[PDB]
Every structure is written in C-alpha cells, then in structure tokens.
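Would you mind keeping the following structure in view while I ask a few things?
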Amino acid sequence: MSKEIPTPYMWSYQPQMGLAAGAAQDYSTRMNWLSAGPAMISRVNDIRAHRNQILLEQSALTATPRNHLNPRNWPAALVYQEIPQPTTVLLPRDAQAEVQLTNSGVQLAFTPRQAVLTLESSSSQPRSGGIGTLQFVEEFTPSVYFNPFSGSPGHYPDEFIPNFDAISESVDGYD
Amino acid sequence: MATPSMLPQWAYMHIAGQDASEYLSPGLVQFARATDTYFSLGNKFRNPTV
Amino acid sequence: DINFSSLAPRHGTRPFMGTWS
Amino acid sequence: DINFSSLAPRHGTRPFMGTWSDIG
Amino acid sequence: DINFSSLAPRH
C-alpha cells in the first residue's frame, strides 16, 4: 500500500480552458536523494512528514469540494466574482425644459429652473470558465498521493497527466 | 496549518526561520561571544535574511 | 438587399430613467 | 560649518527574520 | 557582485 511519504505533485498553469495542465512530482526539493548519516532518518524525513502534513491542512481549508482534480469548467458561483458595483451619473442638461428656450430664440454656448437628474447603473452577468490566477493557488494546493498507483485503474489520478482530457477519458496529444 | 509548505525545509536549512543565536543552544552563544576576540565562530553559521 | 431607404428605430435613445435630485 | 542635519536619532530596527520592522 | 546580507551573529 504505502510506498514512502512521497513528494507532493505541483500543478502547472495554462491560459485556461479550465485545465491545470496536469501535475508532476516536485524535483526542486531534496528528501529522497543520498549522502548524510543514518541519524538523519528522523531529522530529514520528519521534515518531509511536516511538509506533507501542512499540505493536507492547507488544501482542506482553502479548496472547494470537487469530484475531480480539474473540473474543466468551474460554475458561475465558484469562479469568484470580481466584477464592479453600481455607480451614479449626474445628467448635465434639461432637454425638455431648456429647448423651448432655443425655440424662443435663445442661443446657448444652470440659469433656468433647478431640475437635475441622477441616473443609476449596474454591471455584467456571471461568467463560467477557467479559474482566476489568484484563485488558482487556493484551488490547487499540491496533492500528496500516499499509496501510489495502488488499486484498480479508475481511481488512479489521470489528471496529473498533461495530455489527458477527462470529458472524453482519452489521452491524445497528436504525437 | 495554512502556512507555506516549504517553511519546515527552510527553517531547518536556514533559508528562512530564526537567527543563529536564537537557533543555537544558549551555552554555545555565550562561548562564541567570550572567545570572539581570537577564535571567531560567527562565520560557521547562517542568519536567515528575508 | 434591394433597399434604398433607412429604417427609423421608432424609439429614442435610453429606455432607462433616473430620478430628479 | 556650512552644513545640513536630518532624522537620525532613530535607526533600522529590523530582525534576522524580516528586513522591515512593521507598522500598525 | 554583492550577494547575501551580514551572515554573522551580532555579538
């Protein structure tokens, strides 16, 4: 079952169809090479234990529940809305009580009655698509797979493959 | 927790964490200061700068 | 198309209205 | 003495765990 | 060049 306490899987980035461009083992870290002493077995793999533990906690707090590593499209509720709020325009003119003045021979280039109009306005409809880059970090905390490739295929992460498509369940790269 | 996950590795290896004079045992710290005038031990250790 | 005559839209600009202050 | 003087009775207080001494 | 700050404890 358990084969080590393994290095996390770092997800890549992409210009977003809703994929995270697969993931791959972290190889910008030690903790699985050689040369030190045998008294560092609980001084260097206690480190690696600690890193993984911080990851499980970190992922659980900051990540929405999902049935898939890469959903390929987040719902409109779960993209995180950063769209603007309402605003007000003070309209500069009467055009229904300072136009009978120009018909009355007045040329123009606030002296008539104190009618001033305020107009409200809103902002866009919800969008569904790939996740933002600020919210990529919180949705893709590195994953620790603790029993690598154990059990039947069909519970293996195939979403760590940067060629896989989960809405056709095939890997096609045209190579 | 919710802290950086490379924090335990960094702390150990002195890329981040605490100054070697809070990391070292207190007896060694006073030993180094006493014999500072003829047998430096300051350059044998790292201070994290962040 | 075979048209030589514009439409009018038959409605002025902006449906949406603001309150007097 | 043709000269200047500046804010100097206060110093860079930073720790060897952060190059910036915080502000509330 | 110039690499790293003072890496010696202040005694």
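By written order: A, B, C, D and E. Residues from 1 in each chain.
Everything below uses one rule, namely that a contact is a pair of C-beta atoms (placed from the backbone, for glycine too) under 8 Å apart; a residue touches a chain by one contact, two chains touch by 3 or more.
Visitor: Could you run down the chains that neighbour chain A and chain B together?
Guide: Shared contacts of chain A and chain B: no chain.
Visitor: So which chain ends up closest to the centre of the protein, judged by Cα positions averaged per chain?
Guide: Given all protein C-alpha atoms shown, the central chain works out to be A.
Visitor: B-D versus B-E: which interface comes out with more C-beta contact pairs?
Guide: B-E
Visitor: Compare the CA centroid of chain B with every other chain's and tell me the farthest one.
Guide: Chain centre farthest from chain B's centre: C.
Visitor: How many angstrom between the C-alpha centroids of chain D and chain A?
Guide: 40
Visitor: If you average the CA atoms of chain D and of chain E, how many Å lie between those two points?
Guide: 19
Visitor: How far is the middle of chain C from the middle of chain E, if each middle is the mean of its Cα atoms, in Å?
Guide: So the centroids are 73 Å from each other.
Visitor: Which integer distance in Å separates the CA centroid of chain B from that of chain E?
Guide: Averaging C-alpha atoms per chain gives centres 12 Å apart.
Visitor: Name the residues of chain B that each touch 2 or more other chains.
Guide: Expected reply: 19, 47, 49.
Visitor: Judged by the touch rule stated earlier, which pairs of chains are there in contact?
Guide: Once each pair is checked, the touching ones are A-B, A-C, B-D, B-E.
Visitor: Sort out for me which residues of chain A touch chain B in the complex.
Guide: Per the touch definition, chain A meets chain B at residues 8, 29, 31, 47, 50-51, 54-55, 57-58, 61-62, 142.
Visitor: In their shared complex, at which residues does chain B touch chain D?
Guide: The touching residues are 16-19, 47-50.
Visitor: Which of the residues in chain D come into contact with chain B in the complex?
Guide: Contact set of chain D toward chain B: 15-19.
Visitor: Applying the document's contact rule, which stretches of chain B touch chain A when the two form their complex?
Guide: The touching residues are 1-9, 12.
Visitor: Given the complex with chain C, which residues does chain A contribute to the contact?
Guide: Chain A residues touching chain C: 89-91, 115-120.
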